[PDB]
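Given as structure tokens, the chain that follows is alone and in the form deposited in one PDB entry.
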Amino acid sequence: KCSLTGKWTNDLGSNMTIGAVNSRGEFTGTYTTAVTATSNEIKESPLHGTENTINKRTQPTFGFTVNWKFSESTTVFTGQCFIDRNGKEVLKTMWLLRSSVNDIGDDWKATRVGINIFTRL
């Protein structure tokens, strides 16, 4: 089984730690990004999410939200916990980074998208 609990690092150098996943699939953790678009000092930020439990897949999908403590922005990640060919666990994720814009008319420029691959620390 691929499990979200534990420490992870991604291709940008960011780290996150995820606690126990409960029977409903709920989990919390903390996220330390290695990169930022703000001029502010990066601070560890909480994450909250769920892993899908339907049919108790060995490679479950999941999502979580990172509530940045140094920015008005929010990031959500979603992806799947895979067991790779070599037996290593790998999280394949895509994310949306939501900017705070001043007016509803600026909404069009508020959402960035990208990938991250996570492996255990």
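If you superpose the two forms and keep the largest set of C-alpha atoms that fall within 1.5 Å, you have the rigid core. Numbering starts at 1 and follows the sequence shown.
Given 11-19 and 109-117, the range whose Cα B-factors average higher in the PDB entry: The stretch with the larger mean CA B-factor is 11-19.
Higher-B stretch (mean Cα B-factor, as the entry records it), 25-33 or 75-83: Here the higher of the two C-alpha B-factor means belongs to 25-33.
Out of 93, 65, 61, 58, residue topping the C-alpha B-factor column of the entry: That would be 58, according to the entry.
Omitted from view is the form deposited in another entry, to which the following refers.
Is_shifted residue 38 between this form and the one not shown (CA, 2 Å cut-off, rigid core): It does shift by 2 Å or more.
Closer or farther in the other form, the Cα atoms of residue 41 and residue 103, when the shift from this form is 3 Å or more: The answer is farther, because the C-alphas of residue 41 and residue 103 separate from each other in the other form by 3 Å or more.
Sense of the change in Cα distance from residue 8 to residue 40 in the other form - at least 3 Å versus the shown form: It is closer: the C-alpha separation of residue 8 and residue 40 falls by at least 3 Å in the other form.
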